[PDB]
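Structure data (PDB, C-alpha atoms) from protein-v8.pdb:
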```pdb
MODEL        1
ATOM      1  CA  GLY A   1     117.981 126.323 105.627  1.00  0.00           C
ATOM      2  CA  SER A   2     119.671 123.844 108.052  1.00  0.00           C
ATOM      3  CA  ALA A   3     119.132 126.305 110.998  1.00  0.00           C
ATOM      4  CA  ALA A   4     121.540 124.171 113.116  1.00  0.00           C
ATOM      5  CA  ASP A   5     124.869 124.665 111.244  1.00  0.00           C
ATOM      6  CA  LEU A   6     126.131 128.320 111.142  1.00  0.00           C
ATOM      7  CA  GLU A   7     129.838 128.868 110.119  1.00  0.00           C
ATOM      8  CA  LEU A   8     131.959 131.857 111.187  1.00  0.00           C
ATOM      9  CA  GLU A   9     133.428 133.567 108.051  1.00  0.00           C
ATOM     10  CA  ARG A  10     135.818 136.429 109.098  1.00  0.00           C
ATOM     11  CA  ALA A  11     135.006 139.813 107.447  1.00  0.00           C
ATOM     12  CA  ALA A  12     137.631 141.849 109.347  1.00  0.00           C
ATOM     13  CA  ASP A  13     139.410 142.425 112.692  1.00  0.00           C
ATOM     14  CA  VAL A  14     137.924 144.684 115.423  1.00  0.00           C
ATOM     15  CA  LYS A  15     139.948 147.917 115.235  1.00  0.00           C
ATOM     16  CA  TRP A  16     138.225 151.084 113.987  1.00  0.00           C
ATOM     17  CA  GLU A  17     140.596 152.641 111.453  1.00  0.00           C
ATOM     18  CA  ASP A  18     139.251 151.295 108.096  1.00  0.00           C
ATOM     19  CA  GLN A  19     137.918 154.380 106.091  1.00  0.00           C
ATOM     20  CA  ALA A  20     136.451 156.893 108.742  1.00  0.00           C
ATOM     21  CA  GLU A  21     133.460 157.854 106.491  1.00  0.00           C
ATOM     22  CA  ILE A  22     131.327 160.786 107.823  1.00  0.00           C
ATOM     23  CA  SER A  23     127.508 160.318 108.148  1.00  0.00           C
ATOM     24  CA  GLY A  24     124.687 159.822 110.731  1.00  0.00           C
ATOM     25  CA  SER A  25     121.902 162.051 112.164  1.00  0.00           C
ATOM     26  CA  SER A  26     118.525 161.414 110.402  1.00  0.00           C
ATOM     27  CA  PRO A  27     114.769 162.365 111.143  1.00  0.00           C
ATOM     28  CA  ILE A  28     113.251 160.304 114.029  1.00  0.00           C
ATOM     29  CA  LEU A  29     111.753 157.357 112.107  1.00  0.00           C
ATOM     30  CA  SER A  30     108.583 155.313 112.932  1.00  0.00           C
ATOM     31  CA  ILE A  31     108.988 151.519 113.220  1.00  0.00           C
ATOM     32  CA  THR A  32     106.423 148.754 114.041  1.00  0.00           C
ATOM     33  CA  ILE A  33     107.219 146.334 116.969  1.00  0.00           C
ATOM     34  CA  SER A  34     107.057 142.517 116.340  1.00  0.00           C
ATOM     35  CA  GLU A  35     107.605 139.392 118.568  1.00  0.00           C
ATOM     36  CA  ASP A  36     108.658 141.874 121.412  1.00  0.00           C
ATOM     37  CA  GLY A  37     112.415 141.835 120.438  1.00  0.00           C
ATOM     38  CA  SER A  38     112.099 142.425 116.650  1.00  0.00           C
ATOM     39  CA  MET A  39     110.596 145.204 114.481  1.00  0.00           C
ATOM     40  CA  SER A  40     109.721 145.757 110.780  1.00  0.00           C
ATOM     41  CA  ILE A  41     108.041 148.453 108.630  1.00  0.00           C
ATOM     42  CA  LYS A  42     104.383 147.218 108.825  1.00  0.00           C
ATOM     43  CA  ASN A  43     104.897 144.156 106.498  1.00  0.00           C
ATOM     44  CA  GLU A  44     108.597 144.048 105.417  1.00  0.00           C
ATOM     45  CA  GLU A  45     110.474 141.472 103.242  1.00  0.00           C
ATOM     46  CA  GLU A  46     113.835 139.730 103.976  1.00  0.00           C
ATOM     47  CA  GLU A  47     116.871 138.432 101.975  1.00  0.00           C
ATOM     48  CA  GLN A  48     120.013 136.305 102.661  1.00  0.00           C
ATOM     49  CA  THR A  49     123.384 138.140 102.594  1.00  0.00           C
ATOM     50  CA  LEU A  50     125.269 135.134 100.982  1.00  0.00           C
ATOM     51  CA  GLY A  51     128.975 134.350 101.765  1.00  0.00           C
ATOM     52  CA  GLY A  52     131.810 132.344 100.130  1.00  0.00           C
ATOM     53  CA  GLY A  53     134.504 131.622 102.787  1.00  0.00           C
ATOM     54  CA  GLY A  54     134.696 128.192 104.479  1.00  0.00           C
ATOM     55  CA  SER A  55     135.774 125.624 101.838  1.00  0.00           C
ATOM     56  CA  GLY A  56     134.161 122.145 101.510  1.00  0.00           C
ATOM     57  CA  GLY A  57     137.620 120.486 101.510  1.00  0.00           C
ATOM     58  CA  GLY A  58     137.160 118.781 104.909  1.00  0.00           C
ATOM     59  CA  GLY A  59     134.545 121.438 105.864  1.00  0.00           C
ATOM     60  CA  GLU A  60     133.221 119.099 108.602  1.00  0.00           C
ATOM     61  CA  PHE A  61     136.290 116.945 109.691  1.00  0.00           C
ATOM     62  CA  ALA A  62     135.983 117.651 113.498  1.00  0.00           C
ATOM     63  CA  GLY A  63     137.939 120.874 114.112  1.00  0.00           C
ATOM     64  CA  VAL A  64     140.846 121.990 111.855  1.00  0.00           C
ATOM     65  CA  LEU A  65     140.656 125.531 113.494  1.00  0.00           C
ATOM     66  CA  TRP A  66     140.503 129.030 111.850  1.00  0.00           C
ATOM     67  CA  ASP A  67     143.817 130.400 113.202  1.00  0.00           C
ATOM     68  CA  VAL A  68     146.545 128.392 111.420  1.00  0.00           C
ATOM     69  CA  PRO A  69     149.941 129.915 110.263  1.00  0.00           C
ATOM     70  CA  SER A  70     151.260 126.292 110.037  1.00  0.00           C
ATOM     71  CA  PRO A  71     149.137 122.949 109.997  1.00  0.00           C
ATOM     72  CA  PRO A  72     147.110 122.510 113.369  1.00  0.00           C
ATOM     73  CA  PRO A  73     149.971 122.268 116.060  1.00  0.00           C
ATOM     74  CA  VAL A  74     147.770 120.287 118.573  1.00  0.00           C
ATOM     75  CA  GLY A  75     146.794 123.715 120.116  1.00  0.00           C
ATOM     76  CA  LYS A  76     143.033 122.968 119.800  1.00  0.00           C
ATOM     77  CA  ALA A  77     142.054 126.536 121.020  1.00  0.00           C
ATOM     78  CA  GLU A  78     143.546 128.927 118.389  1.00  0.00           C
ATOM     79  CA  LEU A  79     140.916 131.590 117.439  1.00  0.00           C
ATOM     80  CA  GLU A  80     141.330 134.239 114.649  1.00  0.00           C
ATOM     81  CA  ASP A  81     138.968 136.468 116.644  1.00  0.00           C
ATOM     82  CA  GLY A  82     137.527 139.633 115.069  1.00  0.00           C
ATOM     83  CA  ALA A  83     134.564 140.882 113.032  1.00  0.00           C
ATOM     84  CA  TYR A  84     132.837 137.710 111.732  1.00  0.00           C
ATOM     85  CA  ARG A  85     129.995 137.077 109.318  1.00  0.00           C
ATOM     86  CA  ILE A  86     127.515 134.416 110.432  1.00  0.00           C
ATOM     87  CA  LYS A  87     126.753 132.263 107.446  1.00  0.00           C
ATOM     88  CA  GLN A  88     124.303 129.411 107.780  1.00  0.00           C
ATOM     89  CA  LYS A  89     126.534 126.662 106.377  1.00  0.00           C
ATOM     90  CA  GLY A  90     124.981 123.262 105.987  1.00  0.00           C
ATOM     91  CA  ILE A  91     127.724 120.656 105.356  1.00  0.00           C
ATOM     92  CA  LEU A  92     126.356 120.669 101.696  1.00  0.00           C
ATOM     93  CA  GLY A  93     125.015 124.335 101.527  1.00  0.00           C
ATOM     94  CA  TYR A  94     126.410 127.925 102.101  1.00  0.00           C
ATOM     95  CA  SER A  95     124.136 130.978 102.804  1.00  0.00           C
ATOM     96  CA  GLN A  96     125.120 134.075 104.922  1.00  0.00           C
ATOM     97  CA  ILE A  97     122.301 135.490 107.127  1.00  0.00           C
ATOM     98  CA  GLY A  98     124.002 137.746 109.749  1.00  0.00           C
ATOM     99  CA  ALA A  99     127.226 138.675 111.584  1.00  0.00           C
ATOM    100  CA  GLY A 100     128.898 138.287 115.002  1.00  0.00           C
ATOM    101  CA  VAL A 101     131.896 139.605 116.968  1.00  0.00           C
ATOM    102  CA  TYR A 102     134.413 137.177 118.592  1.00  0.00           C
ATOM    103  CA  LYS A 103     137.103 138.939 120.711  1.00  0.00           C
ATOM    104  CA  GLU A 104     139.339 138.107 123.725  1.00  0.00           C
ATOM    105  CA  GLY A 105     137.528 134.934 124.946  1.00  0.00           C
ATOM    106  CA  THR A 106     133.843 135.669 124.178  1.00  0.00           C
ATOM    107  CA  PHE A 107     131.673 135.522 121.025  1.00  0.00           C
ATOM    108  CA  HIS A 108     128.693 137.923 121.178  1.00  0.00           C
ATOM    109  CA  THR A 109     126.213 137.720 118.286  1.00  0.00           C
ATOM    110  CA  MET A 110     122.462 138.149 117.509  1.00  0.00           C
ATOM    111  CA  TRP A 111     119.527 135.688 117.997  1.00  0.00           C
ATOM    112  CA  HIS A 112     117.520 136.553 114.770  1.00  0.00           C
ATOM    113  CA  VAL A 113     120.516 135.461 112.559  1.00  0.00           C
ATOM    114  CA  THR A 114     118.436 132.233 112.118  1.00  0.00           C
ATOM    115  CA  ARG A 115     116.796 130.594 115.250  1.00  0.00           C
ATOM    116  CA  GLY A 116     119.553 131.446 117.762  1.00  0.00           C
ATOM    117  CA  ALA A 117     120.998 128.208 116.364  1.00  0.00           C
ATOM    118  CA  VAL A 118     124.430 126.566 116.835  1.00  0.00           C
ATOM    119  CA  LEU A 119     127.518 128.039 115.167  1.00  0.00           C
ATOM    120  CA  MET A 120     130.467 126.074 113.662  1.00  0.00           C
ATOM    121  CA  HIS A 121     134.152 126.531 112.724  1.00  0.00           C
ATOM    122  CA  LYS A 122     135.903 123.802 110.591  1.00  0.00           C
ATOM    123  CA  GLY A 123     133.019 121.547 111.753  1.00  0.00           C
ATOM    124  CA  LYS A 124     133.658 122.407 115.459  1.00  0.00           C
ATOM    125  CA  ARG A 125     130.028 122.828 116.617  1.00  0.00           C
ATOM    126  CA  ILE A 126     130.090 126.183 118.489  1.00  0.00           C
ATOM    127  CA  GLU A 127     126.941 125.894 120.661  1.00  0.00           C
ATOM    128  CA  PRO A 128     125.843 129.128 122.610  1.00  0.00           C
ATOM    129  CA  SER A 129     126.577 129.429 126.398  1.00  0.00           C
ATOM    130  CA  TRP A 130     123.943 132.221 126.592  1.00  0.00           C
ATOM    131  CA  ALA A 131     121.050 133.454 124.376  1.00  0.00           C
ATOM    132  CA  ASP A 132     118.634 136.305 125.269  1.00  0.00           C
ATOM    133  CA  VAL A 133     115.610 136.422 122.876  1.00  0.00           C
ATOM    134  CA  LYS A 134     114.129 139.613 124.470  1.00  0.00           C
ATOM    135  CA  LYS A 135     117.014 141.953 123.392  1.00  0.00           C
ATOM    136  CA  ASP A 136     117.602 139.298 120.674  1.00  0.00           C
ATOM    137  CA  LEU A 137     121.333 138.559 121.207  1.00  0.00           C
ATOM    138  CA  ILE A 138     123.619 135.562 122.005  1.00  0.00           C
ATOM    139  CA  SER A 139     126.862 135.006 123.986  1.00  0.00           C
ATOM    140  CA  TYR A 140     129.428 132.152 123.700  1.00  0.00           C
ATOM    141  CA  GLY A 141     132.289 131.526 126.182  1.00  0.00           C
ATOM    142  CA  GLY A 142     130.014 132.904 128.934  1.00  0.00           C
ATOM    143  CA  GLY A 143     128.031 136.159 128.986  1.00  0.00           C
ATOM    144  CA  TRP A 144     128.795 139.131 126.677  1.00  0.00           C
ATOM    145  CA  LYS A 145     131.986 140.635 128.191  1.00  0.00           C
ATOM    146  CA  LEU A 146     134.920 142.688 126.789  1.00  0.00           C
ATOM    147  CA  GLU A 147     134.354 145.958 128.768  1.00  0.00           C
ATOM    148  CA  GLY A 148     133.248 148.359 126.019  1.00  0.00           C
ATOM    149  CA  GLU A 149     130.403 150.857 126.592  1.00  0.00           C
ATOM    150  CA  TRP A 150     129.741 153.542 123.904  1.00  0.00           C
ATOM    151  CA  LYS A 151     129.524 156.963 125.635  1.00  0.00           C
ATOM    152  CA  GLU A 152     126.225 158.669 124.524  1.00  0.00           C
ATOM    153  CA  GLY A 153     127.124 162.243 123.448  1.00  0.00           C
ATOM    154  CA  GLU A 154     129.901 161.592 120.905  1.00  0.00           C
ATOM    155  CA  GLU A 155     129.664 159.882 117.474  1.00  0.00           C
ATOM    156  CA  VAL A 156     129.142 156.070 117.413  1.00  0.00           C
ATOM    157  CA  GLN A 157     131.568 154.235 115.083  1.00  0.00           C
ATOM    158  CA  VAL A 158     130.457 151.081 113.193  1.00  0.00           C
ATOM    159  CA  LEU A 159     132.603 148.602 111.209  1.00  0.00           C
ATOM    160  CA  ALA A 160     129.695 148.280 108.712  1.00  0.00           C
ATOM    161  CA  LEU A 161     130.382 144.776 107.338  1.00  0.00           C
ATOM    162  CA  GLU A 162     129.272 145.255 103.701  1.00  0.00           C
ATOM    163  CA  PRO A 163     127.531 142.032 102.259  1.00  0.00           C
ATOM    164  CA  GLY A 164     130.303 139.597 101.107  1.00  0.00           C
ATOM    165  CA  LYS A 165     132.676 142.635 100.915  1.00  0.00           C
ATOM    166  CA  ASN A 166     135.248 144.630 102.922  1.00  0.00           C
ATOM    167  CA  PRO A 167     134.148 146.419 106.218  1.00  0.00           C
ATOM    168  CA  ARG A 168     133.433 150.164 106.261  1.00  0.00           C
ATOM    169  CA  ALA A 169     134.525 152.286 109.260  1.00  0.00           C
ATOM    170  CA  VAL A 170     131.622 154.761 109.404  1.00  0.00           C
ATOM    171  CA  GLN A 171     131.341 157.707 111.824  1.00  0.00           C
ATOM    172  CA  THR A 172     127.594 157.672 112.532  1.00  0.00           C
ATOM    173  CA  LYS A 173     126.001 160.436 114.616  1.00  0.00           C
ATOM    174  CA  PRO A 174     123.210 158.832 116.869  1.00  0.00           C
ATOM    175  CA  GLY A 175     119.416 158.989 116.361  1.00  0.00           C
ATOM    176  CA  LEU A 176     116.041 157.634 117.643  1.00  0.00           C
ATOM    177  CA  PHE A 177     113.180 155.361 116.421  1.00  0.00           C
ATOM    178  CA  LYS A 178     109.559 155.521 117.697  1.00  0.00           C
ATOM    179  CA  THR A 179     107.441 152.355 118.237  1.00  0.00           C
ATOM    180  CA  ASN A 180     103.788 152.176 119.506  1.00  0.00           C
ATOM    181  CA  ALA A 181     105.434 151.949 122.988  1.00  0.00           C
ATOM    182  CA  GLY A 182     107.751 154.974 122.547  1.00  0.00           C
ATOM    183  CA  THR A 183     111.051 156.327 121.151  1.00  0.00           C
ATOM    184  CA  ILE A 184     114.205 154.154 121.554  1.00  0.00           C
ATOM    185  CA  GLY A 185     117.941 155.072 121.098  1.00  0.00           C
ATOM    186  CA  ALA A 186     119.975 153.928 118.067  1.00  0.00           C
ATOM    187  CA  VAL A 187     121.853 154.842 114.929  1.00  0.00           C
ATOM    188  CA  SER A 188     119.007 156.015 112.607  1.00  0.00           C
ATOM    189  CA  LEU A 189     120.605 156.848 109.190  1.00  0.00           C
ATOM    190  CA  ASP A 190     119.605 156.900 105.476  1.00  0.00           C
ATOM    191  CA  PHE A 191     122.425 154.727 103.982  1.00  0.00           C
ATOM    192  CA  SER A 192     123.241 151.096 102.911  1.00  0.00           C
ATOM    193  CA  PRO A 193     122.744 148.709 105.992  1.00  0.00           C
ATOM    194  CA  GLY A 194     125.625 146.440 107.085  1.00  0.00           C
ATOM    195  CA  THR A 195     125.216 142.824 108.331  1.00  0.00           C
ATOM    196  CA  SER A 196     123.318 142.549 111.703  1.00  0.00           C
ATOM    197  CA  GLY A 197     126.238 141.779 114.038  1.00  0.00           C
ATOM    198  CA  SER A 198     128.773 144.421 112.823  1.00  0.00           C
ATOM    199  CA  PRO A 199     131.091 145.715 115.728  1.00  0.00           C
ATOM    200  CA  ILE A 200     130.177 149.010 117.502  1.00  0.00           C
ATOM    201  CA  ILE A 201     133.361 150.870 118.483  1.00  0.00           C
ATOM    202  CA  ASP A 202     133.567 154.359 120.144  1.00  0.00           C
ATOM    203  CA  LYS A 203     135.653 157.163 118.502  1.00  0.00           C
ATOM    204  CA  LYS A 204     138.547 156.635 121.043  1.00  0.00           C
ATOM    205  CA  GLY A 205     139.363 153.325 119.212  1.00  0.00           C
ATOM    206  CA  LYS A 206     137.917 151.367 122.175  1.00  0.00           C
ATOM    207  CA  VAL A 207     134.453 149.620 122.529  1.00  0.00           C
ATOM    208  CA  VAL A 208     133.337 146.443 120.715  1.00  0.00           C
ATOM    209  CA  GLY A 209     129.467 146.321 120.900  1.00  0.00           C
ATOM    210  CA  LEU A 210     126.916 145.129 118.295  1.00  0.00           C
ATOM    211  CA  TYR A 211     124.783 146.790 115.562  1.00  0.00           C
ATOM    212  CA  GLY A 212     121.479 145.151 114.664  1.00  0.00           C
ATOM    213  CA  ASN A 213     118.158 145.940 116.415  1.00  0.00           C
ATOM    214  CA  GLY A 214     115.905 147.293 113.691  1.00  0.00           C
ATOM    215  CA  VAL A 215     115.319 147.261 109.903  1.00  0.00           C
ATOM    216  CA  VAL A 216     115.421 149.239 106.635  1.00  0.00           C
ATOM    217  CA  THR A 217     113.051 152.148 107.452  1.00  0.00           C
ATOM    218  CA  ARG A 218     111.303 154.678 105.076  1.00  0.00           C
ATOM    219  CA  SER A 219     112.524 152.810 101.913  1.00  0.00           C
ATOM    220  CA  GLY A 220     116.083 151.626 102.881  1.00  0.00           C
ATOM    221  CA  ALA A 221     117.141 154.096 105.650  1.00  0.00           C
ATOM    222  CA  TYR A 222     118.771 151.624 108.088  1.00  0.00           C
ATOM    223  CA  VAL A 223     117.731 152.070 111.738  1.00  0.00           C
ATOM    224  CA  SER A 224     119.317 149.676 114.289  1.00  0.00           C
ATOM    225  CA  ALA A 225     119.942 150.080 118.074  1.00  0.00           C
ATOM    226  CA  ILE A 226     123.403 150.490 119.671  1.00  0.00           C
ATOM    227  CA  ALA A 227     124.212 147.393 121.830  1.00  0.00           C
ATOM    228  CA  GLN A 228     127.257 147.208 124.216  1.00  0.00           C
ATOM    229  CA  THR A 229     128.967 144.841 126.759  1.00  0.00           C
ATOM    230  CA  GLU A 230     126.326 144.370 129.545  1.00  0.00           C
ATOM    231  CA  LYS A 231     127.002 140.810 130.866  1.00  0.00           C
ATOM    232  CA  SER A 232     130.125 139.173 132.534  1.00  0.00           C
ATOM    233  CA  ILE A 233     132.722 136.278 132.163  1.00  0.00           C
ATOM    234  CA  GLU A 234     129.829 133.904 133.119  1.00  0.00           C
ATOM    235  CA  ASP A 235     129.580 133.648 136.936  1.00  0.00           C
ATOM    236  CA  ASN A 236     132.668 135.850 137.476  1.00  0.00           C
ATOM    237  CA  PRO A 237     132.262 139.724 136.866  1.00  0.00           C
ATOM    238  CA  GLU A 238     133.261 141.660 133.687  1.00  0.00           C
ATOM    239  CA  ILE A 239     136.836 141.755 135.139  1.00  0.00           C
ATOM    240  CA  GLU A 240     136.374 142.872 138.792  1.00  0.00           C
TER     241      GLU A 240
ATOM    242  CA  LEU B 252     116.251 143.525 101.706  1.00  0.00           C
ATOM    243  CA  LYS B 253     115.990 143.696 105.561  1.00  0.00           C
ATOM    244  CA  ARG B 254     119.777 142.886 106.067  1.00  0.00           C
ATOM    245  CA  UNK B 255     118.778 142.740 109.856  1.00  0.00           C
TER     246      UNK B 255
ENDMDL
END
```
Take the structure in the file and write it out as structure tokens.
Amino acid sequence: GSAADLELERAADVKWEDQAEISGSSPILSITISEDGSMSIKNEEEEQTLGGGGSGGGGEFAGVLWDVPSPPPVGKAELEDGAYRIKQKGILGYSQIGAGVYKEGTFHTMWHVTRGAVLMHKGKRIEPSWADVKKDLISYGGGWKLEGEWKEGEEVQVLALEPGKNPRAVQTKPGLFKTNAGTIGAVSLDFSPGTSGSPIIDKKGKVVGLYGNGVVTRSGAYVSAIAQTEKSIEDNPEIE
Amino acid sequence: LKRX
């Protein structure tokens, strides 16, 4: 709605040992390209996820911070970083539309969550420091960095952030999806889709990427591409 | 439902 007021509502913390549920590996599915960075199945519909966290009791204020054991101790930079849900939260309206991963000192999320619009946390207006529409992702704090590349050969692990629910640690075996251009690499699986912005971890308990470049294919078989840390601190490298 |  507001498309200028998106609150971070924490779903979980980034550490793959939730439920290790076996799945993955599905027939190479056809998918129709749209706006260069997006796809759908010919003419596909869309729905809000909806989320509850982020109370209206001083929901704007200025910045009360989401990382408080005691009342705000003048720290001004405390971050309960992890697997977040991106809800579009107007200061008088709450509607979840995607997800995002904040870890270390960088928040990497997705552009199609609304309009690549500004985030917020206790009314602190978290405005992007990077946004790439072509891959259709966003970075805050600099570029997308964390140092976490999924190694293609093994299973990809996804903290599938179930809508308004607990995460699901799923062992997904990789797959492909063919456009009019050609076949692309992803997790193509017939199963319930998570929120676009769920963390992609590798089976070693390391990696921290992002799931959401695709749609519900066939009639609900979620196909989305496997994104990983490609950028840097900002001007400085990944680490060295 | 997309879900995206």
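Using all atoms listed in the file, the contacts of residue 252 of chain B at a cut-off of 12 Å, with sequence neighbours closer than 3 positions omitted, comprise residues 40, 41, 44, 45, 46, 47, 48, 49, 97, 163, 192, 193, 194, 195, 215, 216, 217, 219, 220, 221 and 222 of chain A; 255 of chain B.
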What is the atom CA of residue 188 of chain A-atom CA of residue 175 of chain A distance in Å, reported with one decimal?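 Separation between atom CA of residue 188 of chain A and atom CA of residue 175 of chain A: 4.8 Å.
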Pairwise distance, atom CA of residue 52 of chain A with atom CA of residue 15 of chain A, equals 23.2 Å
Pairwise distance, atom CA of residue 156 of chain A with atom CA of residue 178 of chain A, equals 19.6 Å
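Using all atoms listed in the file, the nearest neighbour of residue 209 of chain A within the list A:26, A:183, A:196, A:38 is A:196.
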With only C-alpha atoms as the basis for distance, which of A:39, A:239, A:29, A:133 is at the shortest distance from residue 253 of chain B?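 Result for the nearest residue to residue 253 of chain B: A:39.
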Counting only C-alpha atoms, the residue among A:189, A:31, A:201, A:101 that lies closest to residue 10 of chain A is A:101
Within 8 Å of (132.8, 136.3, 124.1), all atoms listed in the file: residues as a VMD selection string? chain A and resid 101 to 108 139 to 146
Could you tell me which residues the PyMOL selection byres ((chain A and resi 60) around 12) grabs in this file, written as number ranges by chain?
-> A: 5-7, 54-59, 61-65, 89-92, 120-125
The residue from A:200, A:110, A:119, A:74 with the smallest atom-to-atom distance to residue 169 of chain A, counting all atoms listed in the file, is A:200
Draw an axis-aligned box over all listed atoms of segment 26-43 of chain A, pad each side with 4 Å, and write its centre and edge lengths in Å, one decimal, as AutoDock Vina command-line options.
```
--center_x 111.5 --center_y 150.9 --center_z 114.0 --size_x 22.1 --size_y 31.0 --size_z 22.9
```
